[PDB]
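For this chain, numbers begin at 1 and follow the sequence in order. Start at 1 and go down the list; that is how both ligands and their atoms are numbered.
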Amino acid sequence: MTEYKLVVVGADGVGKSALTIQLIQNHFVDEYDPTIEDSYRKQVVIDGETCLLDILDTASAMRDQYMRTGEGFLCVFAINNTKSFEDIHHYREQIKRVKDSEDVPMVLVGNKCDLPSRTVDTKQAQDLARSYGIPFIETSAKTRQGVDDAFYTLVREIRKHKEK
Ligand SMILES: Nc1nc2c(ncn2[C@@H]2O[C@H](COP(=O)(O)OP(=O)(O)O)[C@@H](O)[C@H]2O)c(=O)[nH]1
Ligand SMILES: [Mg+2]
């Protein structure tokens, strides 16, 4: 069993918890306590490898250690929250600085894609992710669209960066 240490970051309210809980429990939780920061484990087979994902859902001693030793990052904004998208810069800078590197496994996630009349269009997100050299994936924690894709792609990005 190979462990992968994953960190979910982004502005409060974007769906970091709802995404994590979909991955772990396959349901959509409407109002998960926005103050709870914790780690979760999930056993999953990805490309014939049995993975034990160690995931921090950020909301701290524990956060500092996951930032320092985390292998990959899901940087989440919501497609109907322009501010959360603009804030991605701050999260990306935080990660670059803890790892002293521009080359960190990361996926840009645009969540809440089930909601109408987005204020962040897909091209804007593609543009930002292209500048950072990382994938962009749309998700809905409500419908589960893209949830497995976002996490599996992050695991693949970690492999692309380092032997595991
Ligand atoms: N419609 C929709 N609502 C969502 C989605 N993800 C999260 N939410 C809602 O957005 C709010 C914040 O979600 P939450 O997971 O707590 O965000 P966190 O602070 O980033 O962990 C809650 O009301 C969730 O039900 C989604 O993909 N679609
Ligand atoms: Mg949360």
Side-chain angles (χ1 to χ4, degrees), residues 4-42 44 46 52-98 104-129 132 134-158:
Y4 288 81
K5 187 190 238 81
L6 306 191
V7 186
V8 188
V9 301
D12 282 338
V14 299
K16 297 184 300 297
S17 292
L19 285 169
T20 300
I21 292 166
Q22 271 285 12
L23 184 78
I24 301 302
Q25 258 150 27
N26 295 283
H27 67 305
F28 172 54
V29 178
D30 181 49
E31 40 166 346
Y32 193 68
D33 188 338
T35 74
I36 297 172
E37 175 168 276
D38 206 357
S39 74
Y40 303 104
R41 302 225 190 319
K42 197 192 168 65
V44 209
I46 305 164
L52 186 63
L53 311 183
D54 173 12
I55 301 167
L56 180 67
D57 174 30
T58 61
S60 318
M62 179 189 199
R63 185 182 322 194
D64 186 62
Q65 319 324 149
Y66 270 83
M67 300 298 297
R68 283 169 191 271
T69 68
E71 296 174 289
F73 299 82
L74 233 50
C75 292
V76 183
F77 69 96
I79 69 168
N80 71 329
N81 184 340
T82 294
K83 168 73 175 315
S84 75
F85 177 71
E86 294 169 346
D87 287 354
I88 290 294
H89 174 73
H90 158 78
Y91 296 101
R92 164 103 186 147
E93 289 296 317
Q94 178 177 116
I95 293 164
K96 289 200 304 186
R97 171 193 154 300
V98 180
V104 181
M106 221 180 264
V107 172
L108 182 65
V109 176
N111 189 42
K112 307 200 187 185
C113 70
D114 59 284
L115 291 180
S117 196
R118 67 198 288 160
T119 50
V120 183
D121 61 26
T122 190
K123 298 297 185 170
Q124 289 177 274
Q126 291 173 33
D127 271 1
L128 187 64
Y132 295 162
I134 65 176
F136 168 61
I137 293 174
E138 268 185 13
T139 60
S140 172
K142 185 176 165 175
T143 69
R144 252 183 87 95
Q145 179 198 308
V147 171
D148 289 335
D149 210 349
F151 283 94
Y152 292 10
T153 295
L154 187 51
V155 164
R156 295 185 181 125
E157 287 291 306
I158 291 167

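Any N or O atom pair closer than 3.5 Å counts here, and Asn111 shares at least one such pair with ligand 1. Close N/O approach between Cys113 and ligand 1 is not found [any backbone or side-chain N/O within under 3.5 Å]. Residue contacts with ligand 1: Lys112 is placed with a nitrogen or oxygen under 3.5 Å of a nitrogen or oxygen of the ligand (distance criterion only). Below 3.5 Å of separation, one finds an N or O of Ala18 facing an N or O of ligand 1. Ligand 1 has a nitrogen or oxygen under 3.5 angstrom from a nitrogen or oxygen of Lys16. For a threshold of 3.5 Å applied to N or O pairs, the pair formed by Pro34 and ligand 1 contains no separation below that value.
From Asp149, atom CG reaches atom CG of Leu154 across 11.5 Å, with rounding to the nearest 0.5 Å. To the nearest 0.5 Å, the span separating CD on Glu37 from OG1 on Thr35 amounts to 10.0 Å. In this structure, the separation between CG on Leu128 and CZ on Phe77 is 8.0 Å, given to the nearest 0.5 Å.
The heavy atom nearest to atom 13 (O) of ligand 1, out of those in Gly10, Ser17, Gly15, is found in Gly15. With distances taken over non-hydrogen atoms, the option nearest atom 1 (N) of ligand 1 out of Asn80, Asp114, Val29, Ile36 is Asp114.
Annotation for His27: atom NE2 counts as buried by contact number, over 12 foreign heavy atoms lying within 6.0 Å. With a 6.0 Å radius and a threshold of 12 heavy atoms from other residues, nucleotides or ligands, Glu31 has its CD atom at or below the threshold. The number of heavy atoms from other shown groups lying within 6.0 Å of NZ (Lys142) does not exceed 12. Under a cut-off of 6.0 angstrom, the local environment of CZ in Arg97 is sparse, with at most 12 non-hydrogen atoms contributed by other residues, nucleotides or ligands.
What you find for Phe85 and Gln124 is that their closest heavy atoms are CZ-O, 3.6 Å. The two atoms that bring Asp87 and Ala11 nearest to each other are OD2-CB, 3.9 Å, heavy atoms only.
Counting atoms of ligand 1 from 1 in the listed order, those under 4.0 Å from a heavy atom of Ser140 are 27 (O). Ligand 1 places these atoms under 4.0 Å from at least one heavy atom of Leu115: 1 (N).
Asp30 O, 3.2 Å is the protein heavy atom nearest to atom 22 (C) of ligand 1. The shortest contact between atom 19 (O) of ligand 1 and any protein heavy atom is with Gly13 N, 2.9 Å. In this structure, the protein non-hydrogen atom closest to atom 27 (O) of ligand 1 is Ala141 N, 2.8 Å. The closest protein non-hydrogen atom to atom 3 (N) of ligand 1 is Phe28 CZ, 3.8 Å.
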side-chain contact (heavy atoms from CB on, under 4.5 Å) between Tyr32 and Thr20, intermediate numbers included
CA-CA 11 Å; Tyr32 193 68; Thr20 300; over 6 Å; no
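The shortest side-chain heavy-atom distance between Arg118 and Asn80 does not fall under the 4.5 Å cut-off.
Protein N/O/S atoms closer than 2.8 Å to the Mg ion (ligand 2), listed by chain and residue number, are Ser17 OG.
No option in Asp38, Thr58, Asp57 other than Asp57 meets the side-chain hydrogen bond (donor to acceptor under 3.5 Å, both in side chains) test with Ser17.
A donor-acceptor pair shorter than 3.5 Å cannot be found between the side chains of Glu86 and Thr82.
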